[PDB]
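The file start-v1.cif contains mmCIF, C-alpha atoms:
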```cif
data_final
#
loop_
_atom_site.group_PDB
_atom_site.id
_atom_site.type_symbol
_atom_site.label_atom_id
_atom_site.label_comp_id
_atom_site.auth_asym_id
_atom_site.auth_seq_id
_atom_site.Cartn_x
_atom_site.Cartn_y
_atom_site.Cartn_z
ATOM 1 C CA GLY A 1 25.084 -15.270 -34.213
ATOM 2 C CA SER A 2 22.519 -18.060 -34.914
ATOM 3 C CA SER A 3 20.055 -15.619 -36.635
ATOM 4 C CA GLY A 4 22.501 -15.591 -39.641
ATOM 5 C CA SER A 5 22.529 -19.451 -40.050
ATOM 6 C CA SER A 6 19.355 -19.502 -42.283
ATOM 7 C CA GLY A 7 17.550 -17.129 -44.734
ATOM 8 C CA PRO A 8 14.436 -14.977 -43.886
ATOM 9 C CA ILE A 9 10.820 -15.801 -44.968
ATOM 10 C CA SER A 10 7.509 -13.828 -45.183
ATOM 11 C CA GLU A 11 5.451 -16.742 -43.686
ATOM 12 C CA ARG A 12 3.836 -16.328 -40.186
ATOM 13 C CA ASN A 13 3.788 -19.233 -37.637
ATOM 14 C CA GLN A 14 1.494 -20.044 -34.618
ATOM 15 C CA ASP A 15 4.136 -22.093 -32.655
ATOM 16 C CA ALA A 16 6.785 -19.318 -33.004
ATOM 17 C CA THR A 17 3.963 -16.868 -31.985
ATOM 18 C CA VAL A 18 2.863 -16.699 -28.307
ATOM 19 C CA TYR A 19 -0.597 -15.608 -27.068
ATOM 20 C CA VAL A 20 -0.884 -13.148 -24.108
ATOM 21 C CA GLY A 21 -4.332 -12.806 -22.422
ATOM 22 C CA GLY A 22 -5.364 -10.373 -19.618
ATOM 23 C CA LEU A 23 -3.622 -7.163 -20.833
ATOM 24 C CA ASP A 24 -4.124 -3.760 -19.162
ATOM 25 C CA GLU A 25 -5.282 -0.557 -21.007
ATOM 26 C CA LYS A 26 -1.656 0.803 -20.640
ATOM 27 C CA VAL A 27 -0.261 -2.136 -22.770
ATOM 28 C CA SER A 28 0.705 -1.595 -26.468
ATOM 29 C CA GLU A 29 2.242 -3.704 -29.310
ATOM 30 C CA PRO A 30 5.626 -1.806 -28.985
ATOM 31 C CA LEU A 31 5.562 -2.638 -25.219
ATOM 32 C CA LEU A 32 4.998 -6.380 -25.851
ATOM 33 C CA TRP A 33 7.822 -6.391 -28.448
ATOM 34 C CA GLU A 34 10.493 -4.688 -26.268
ATOM 35 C CA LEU A 35 9.343 -6.551 -23.086
ATOM 36 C CA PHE A 36 9.568 -10.027 -24.784
ATOM 37 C CA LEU A 37 13.085 -9.368 -26.275
ATOM 38 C CA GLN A 38 14.284 -10.770 -22.871
ATOM 39 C CA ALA A 39 13.170 -14.267 -24.018
ATOM 40 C CA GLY A 40 14.669 -14.073 -27.563
ATOM 41 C CA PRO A 41 14.612 -12.220 -30.957
ATOM 42 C CA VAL A 42 11.091 -10.763 -31.518
ATOM 43 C CA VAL A 43 10.088 -10.346 -35.211
ATOM 44 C CA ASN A 44 6.426 -9.153 -35.041
ATOM 45 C CA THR A 45 3.503 -8.316 -32.604
ATOM 46 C CA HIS A 46 -0.337 -8.239 -32.862
ATOM 47 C CA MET A 47 -3.108 -6.840 -30.568
ATOM 48 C CA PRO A 48 -6.712 -7.075 -31.967
ATOM 49 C CA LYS A 49 -8.752 -3.799 -31.727
ATOM 50 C CA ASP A 50 -12.391 -2.996 -30.806
ATOM 51 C CA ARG A 51 -14.751 -1.792 -33.638
ATOM 52 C CA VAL A 52 -16.362 1.156 -31.671
ATOM 53 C CA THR A 53 -13.646 2.568 -29.311
ATOM 54 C CA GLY A 54 -10.511 1.372 -31.196
ATOM 55 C CA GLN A 55 -8.845 0.111 -27.940
ATOM 56 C CA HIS A 56 -7.237 -3.382 -27.646
ATOM 57 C CA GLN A 57 -9.541 -6.369 -26.845
ATOM 58 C CA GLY A 58 -7.656 -7.397 -23.601
ATOM 59 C CA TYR A 59 -5.247 -9.830 -25.397
ATOM 60 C CA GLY A 60 -2.185 -9.782 -27.712
ATOM 61 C CA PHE A 61 0.507 -11.826 -29.503
ATOM 62 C CA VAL A 62 4.344 -11.833 -29.884
ATOM 63 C CA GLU A 63 6.214 -13.646 -32.717
ATOM 64 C CA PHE A 64 9.786 -14.963 -32.329
ATOM 65 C CA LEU A 65 12.450 -15.953 -34.892
ATOM 66 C CA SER A 66 12.158 -19.640 -33.771
ATOM 67 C CA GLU A 67 9.817 -21.888 -31.702
ATOM 68 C CA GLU A 68 12.485 -22.494 -28.970
ATOM 69 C CA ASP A 69 12.499 -18.694 -28.281
ATOM 70 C CA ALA A 70 8.645 -18.651 -28.066
ATOM 71 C CA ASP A 71 8.531 -21.767 -25.784
ATOM 72 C CA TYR A 72 10.938 -19.932 -23.392
ATOM 73 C CA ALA A 73 8.907 -16.650 -23.440
ATOM 74 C CA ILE A 74 5.884 -18.716 -22.225
ATOM 75 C CA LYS A 75 8.116 -20.003 -19.334
ATOM 76 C CA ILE A 76 9.255 -16.488 -18.160
ATOM 77 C CA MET A 77 6.129 -14.249 -18.797
ATOM 78 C CA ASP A 78 3.212 -16.469 -17.535
ATOM 79 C CA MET A 79 1.031 -15.676 -14.412
ATOM 80 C CA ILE A 80 2.947 -12.318 -14.089
ATOM 81 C CA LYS A 81 1.262 -8.954 -13.221
ATOM 82 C CA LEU A 82 1.994 -6.498 -16.096
ATOM 83 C CA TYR A 83 0.851 -3.063 -14.710
ATOM 84 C CA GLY A 84 -0.597 -4.941 -11.598
ATOM 85 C CA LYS A 85 -3.045 -7.210 -13.598
ATOM 86 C CA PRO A 86 -2.200 -10.942 -14.185
ATOM 87 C CA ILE A 87 -1.350 -12.110 -17.761
ATOM 88 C CA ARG A 88 -1.715 -15.713 -19.104
ATOM 89 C CA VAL A 89 0.899 -16.781 -21.737
ATOM 90 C CA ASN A 90 0.925 -19.849 -24.094
ATOM 91 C CA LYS A 91 1.617 -20.959 -27.769
ATOM 92 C CA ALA A 92 -0.668 -19.177 -30.332
ATOM 93 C CA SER A 93 -1.451 -22.731 -31.683
ATOM 94 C CA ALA A 94 -3.106 -23.578 -28.276
ATOM 95 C CA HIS A 95 -5.403 -22.158 -25.499
ATOM 96 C CA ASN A 96 -4.736 -23.840 -22.081
ATOM 97 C CA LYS A 97 -3.067 -27.077 -20.741
ATOM 98 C CA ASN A 98 -5.341 -30.199 -20.678
ATOM 99 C CA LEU A 99 -3.069 -32.870 -18.988
ATOM 100 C CA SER A 100 -0.352 -33.064 -16.249
ATOM 101 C CA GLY A 101 2.044 -35.594 -14.585
ATOM 102 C CA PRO A 102 5.405 -36.243 -12.775
ATOM 103 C CA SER A 103 8.861 -35.168 -14.122
ATOM 104 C CA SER A 104 10.018 -38.853 -14.514
ATOM 105 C CA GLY A 105 8.548 -42.434 -14.727
#
```
What does the file become when written as structure tokens?
Amino acid sequence: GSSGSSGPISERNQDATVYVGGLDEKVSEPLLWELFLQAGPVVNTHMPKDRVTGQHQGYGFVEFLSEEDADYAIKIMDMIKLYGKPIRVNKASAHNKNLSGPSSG
């Protein structure tokens, strides 16, 4: 399998990490991990926490082994209703799309 074709590294990456905004109170980091395994090999997850109630701040992150696995997770998990509440998904190096156009010249 392709995961064996190169050695591991400690370094974190914002293109191999996806951002997920609009999370429900029932969402957790272990949920995001196991849910995003459908796109590709998940390595790590992050959900920032509130300083008074300790709950998540309504957004999270999922990190893949490679950028091509993250770019596909953004294709299959965006505008979807996790627990009946719509999530927005993109690269953790970006926020939202600024330009658009046709599929060919």
Note to self: Could you tell me, as a list in words, exactly which residues end up selected when the PyMOL selection byres ((chain A and resi 63) around 8) is applied to this structure?
What the structure shows: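 When the PyMOL selection byres ((chain A and resi 63) around 8) is applied to the shown file, the picked residues are residues 13, 16, 17, 18, 42, 43, 44, 45, 61, 62, 64, 65 and 70 of chain A.
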Check: Smallest atom-to-atom distance to residue 30 in chain A: which of A:72, A:80, A:86, A:47, using only C-alpha atoms?
Finding: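 The answer is A:47, which sits nearest to residue 30 in chain A.
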Check: Given the choices A:9, A:52, A:23, A:73, which gets closest to residue 91 in chain A if the distance is worked out from all atoms listed in the file?
Finding: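 Selected residue with least distance to residue 91 in chain A: A:73.
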Check: Any chance you could work out the residue set of the PyMOL selection byres ((chain A and resi 49) around 12) here, as a list in words?
Finding: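 When the PyMOL selection byres ((chain A and resi 49) around 12) is applied, the selected residues are residues 25, 28, 29, 46, 47, 48, 50, 51, 52, 53, 54, 55, 56, 57, 58, 59 and 60 of chain A.
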Note to self: For a test of reading the model, state the distance in Å between CA of residue 24 in chain A and CA of residue 83 in chain A, rounded to one decimal.
What the structure shows: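 Spanning CA of residue 24 in chain A to CA of residue 83 in chain A is a straight-line distance of 6.7 Å.
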Notebook entry, point to check: Looking at all atoms listed in the file, which of A:12, A:4, A:90, A:37 is the one that sits closest to residue 75 in chain A?
Noted result: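 Looking at the shortest contact to residue 75 in chain A, the residue is A:90.
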Margin query: Report, in Å to a single decimal, how far apart CA of residue 21 in chain A and CA of residue 88 in chain A are.
Written below: 5.1 Å
Next item on the list: Please indicate the distance in Å from CA of residue 27 in chain A to CA of residue 98 in chain A, rounded to one decimal place.
Entry: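 One can read the CA of residue 27 in chain A to CA of residue 98 in chain A distance as 28.6 Å.
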Box along x, y and z, 3 Å on every side, all listed atoms of range 9-12 of chain A inside: centre and edge lengths in Å to one decimal, as AutoDock Vina command-line options.
```
--center_x 7.3 --center_y -15.3 --center_z -42.7 --size_x 13.0 --size_y 8.9 --size_z 11.0
```
Notebook entry, point to check: Between A:33, A:14, A:7, A:84, which is the closest to residue 71 in chain A once you count only C-alpha atoms?
Noted result: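 Result for the nearest residue to residue 71 in chain A: A:14.
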Item checked: Option closest in space to residue 32 in chain A, from A:5, A:82, A:93, A:67 [counting only C-alpha atoms] ->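 Between A:5, A:82, A:93, A:67, the residue approaching residue 32 in chain A most closely is A:82.
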